[PDB]
Q: 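Here it is, the structure in full.
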Amino acid sequence: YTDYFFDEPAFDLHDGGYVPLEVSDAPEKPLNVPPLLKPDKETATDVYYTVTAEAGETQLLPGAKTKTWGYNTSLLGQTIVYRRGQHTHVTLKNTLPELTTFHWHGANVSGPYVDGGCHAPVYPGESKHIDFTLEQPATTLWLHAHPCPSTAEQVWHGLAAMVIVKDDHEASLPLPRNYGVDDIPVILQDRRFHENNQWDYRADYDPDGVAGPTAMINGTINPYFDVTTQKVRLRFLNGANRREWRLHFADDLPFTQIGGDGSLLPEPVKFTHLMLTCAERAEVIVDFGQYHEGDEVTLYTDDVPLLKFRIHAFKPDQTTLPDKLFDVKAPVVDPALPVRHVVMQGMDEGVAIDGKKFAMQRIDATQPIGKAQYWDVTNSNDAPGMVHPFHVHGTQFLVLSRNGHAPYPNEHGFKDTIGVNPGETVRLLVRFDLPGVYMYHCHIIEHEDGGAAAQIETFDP
Amino acid sequence: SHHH
Ligand SMILES: [Cu+2]
Ligand SMILES: [Cu+2]
Ligand SMILES: [Cu+2]
Ligand SMILES: [Cu+2]
Ligand SMILES: [Cu+2]
Ligand SMILES: [Cu+2]
Ligand SMILES: [Cu+2]
């Protein structure tokens, strides 16, 4: 028995071109925690932010600095806090040598301009302004680049940032919430270092997914984290181009998932082993109560150590989580509407959706706003296949079934990305609140760039 | 506990 929910035969580690992680010989160092991006101005009703994509240099390994890109920093980005109900104004500035896109993955905003996908280019040296008001539950989202094609290369350079959404309900729960002390991002990525400590996407390119052997956690090699509280909230984001993370602690220390892509979970779910596909988020609580000062607990993926938790002195907490975290209010399907069938096909260069590759001017589907529809999403890859993380812009969906059976224990909240196993049909409940144009695609980023993407137009009827 |  595998400890994870996905189908073992389909794990990334069965690919012929699989790249194992190796522990780097680089020095151990403190986990970089990206600072909170300070607003330009904030009132209760409004918040103003400037977000600048920029090119710089980061000391990742001894010797030469790695050339990297980031938002408001050299690599990755400062964490951006949004609040449900607050009118948000954002100045998007591009100081890169390439055009880019500012994609708010999981933010229910209008498409395709505010959404910041393929049709929202910001050229070098120019600025754009956007505004929106999030009307969605508290969760962890993220920002990343999304020029079509060239998404994979821009993310590789380092254009990803964690986005936190706050709401009244979540503020009232007994959760670690002191950012950088007991509540931290865990942005899981891999890279390959070449001569002079540089990255080289083009040398490492593979149409089925790029992965390197060195794990990078919040832009840090060989990180440790100093624990100064009994409980810690980890916001896991899989920011890798392709790699799956199979997370567990030494000695199978339990942890509890309280959150998924789009919302808190309806109920807490206890885990010893958690698998995350690309773009998935999982918020977990780890209780270090059994441990004493000077102890050490290692977070692993498979047999490879990722992050070392060094236990300092902490005040007792021993709080309980309620049995119910969040009320999931499922919409009613519109019974006039057919079941939508979406089929992901191919591997390597042959990836496609419903028989076609992406065309920027072509609309592939329509759906009325405010009306929930069943989407049946199929991964048609015969064995041996791979888990395809399917993502829909502009919405948070609910998962109803997997091959006619229950979703996984941690998939009863709102989600925007779901891993579809080979041969599997998952049934989703999908509603768009806002009119415009939205993409759906595989979130193995090389698959997206290789054309495994379609666009849907939503309209007011 | 090795993994896989
Ligand atoms: Cu206003
Ligand atoms: Cu404005
Ligand atoms: Cu994304
Ligand atoms: Cu997205
Ligand atoms: Cu184990
Ligand atoms: Cu996308
Ligand atoms: Cu794919």
Side-chain angles (χ1 to χ4, degrees), chain A residues 1-4 8 39 42-49 83 85-90 101-112 114-120 130-134 136 139-148 151-152 154-155 159-161 163 237-239 245-255 261-262 271-275 277-281 297-306 358 389-397 415-418 430 432 436-445 447-449 452-456, chain B residues 2-4:
Chain A
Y1 296 10
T2 180
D3 288 299
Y4 309 96
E8 184 279 346
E42 191 179 15
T43 75
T45 61
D46 291 72
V47 61
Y48 298 80
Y49 288 113
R83 294 196 165 64
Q86 175 181 55
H87 195 198
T88 296
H89 309 269
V90 188
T101 268
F102 292 86
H103 180 51
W104 307 96
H105 182 118
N108 298 351
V109 300
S110 89
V114 179
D115 185 60
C118 311
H119 307 270
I130 57 171
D131 35 69
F132 55 87
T133 311
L134 301 181
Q136 66 183 286
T139 196
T140 307
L141 305 181
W142 58 314
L143 162 64
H144 67 74
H146 200 312
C148 303
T151 291
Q154 290 208 348
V155 168
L159 293 188
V163 171
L237 159 66
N238 184 353
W245 306 93
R246 278 175 288 279
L247 297 168
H248 64 276
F249 288 91
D251 295 338
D252 289 342
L253 173 65
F255 49 90
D261 307 343
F271 278 97
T272 61
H273 304 78
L274 176 64
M275 181 164 155
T277 62
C278 296
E280 284 190 296
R281 283 84 70 201
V297 189
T298 298
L299 181 66
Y300 287 82
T301 182
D302 295 314
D303 51 349
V304 175
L306 287 182
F358 175 79
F390 178 84
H391 172 57
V392 183
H393 291 213
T395 184
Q396 295 286 343
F397 54 71
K415 283 178 63 56
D416 54 54
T417 304
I418 184 171
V430 184
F432 298 91
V437 176
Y438 302 95
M439 276 171 63
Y440 54 98
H441 59 89
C442 178
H443 210 297
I444 293 164
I445 311 178
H447 289 179
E448 186 200 303
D449 284 345
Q455 42 194 181
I456 184 168
Chain B
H2 295 347
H3 260 284
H4 208 89

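Every chain is numbered from 1 and lettered A, B, ... according to where its sequence line falls, protein lines coming before strand lines. Atoms within each ligand, like the ligands themselves, are counted from 1 in listed order.
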Q: Distance-only, no hydrogens or angles: does the A/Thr101 side chain make a donor-acceptor pair with backbone N or O of A/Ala120 under 3.5 Å?
A: yes

Q: Output the atom name for the N/O/S atom of A/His273 with the smallest distance to the Cu ion (ligand 5).
A: NE2

Q: Measuring to the Cu ion (ligand 4), does A/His146 have an N/O/S atom at a distance below 2.8 Å?
A: no

Q: Hey, are A/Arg281 and A/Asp416 close enough for a salt bridge, meaning a charged N less than 4.0 Å from a carboxylate O?
A: yes

Q: A/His146 and A/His105: aromatic ring centres closer than 6.0 Å?
A: no

Q: Can you tell me which N/O/S atom of A/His87 has the shortest distance to the Cu ion (ligand 1)?
A: ND1

Q: Taking the Cu ion (ligand 5) as the vertex, what is the angle from NE2 of B/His3 to OD1 of A/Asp252, given to 10 degrees?
A: 160°

Q: Restricting to N/O/S atoms, is A/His89 within less than 2.8 Å of the Cu ion (ligand 1) or not?
A: no

Q: Measure from the Cu ion (ligand 5) to each N, O or S atom of A/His248 and report whether any distance is below 2.8 Å.
A: no

Q: Can you check whether A/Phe271 reaches A/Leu247 side chain to side chain, under 4.5 Å on heavy atoms?
A: no

Q: Taking A/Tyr440 for its side chain and A/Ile456 for its backbone only, find out whether a donor-acceptor pair lies under 3.5 Å.
A: no

Q: Taking the Cu ion (ligand 4) as the vertex, how big is the angle to NE2 in A/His391 and NE2 in A/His103, rounded to 10°?
A: 160°

Q: Pick from A/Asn238, A/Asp261, A/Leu237: which one makes a side-chain contact (heavy atoms from CB on, under 4.5 Å) with A/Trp142?
A: A/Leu237

Q: Any N/O/S atom, side chain or main chain, of A/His443 closer to the Cu ion (ligand 4) than 2.8 Å?
A: no

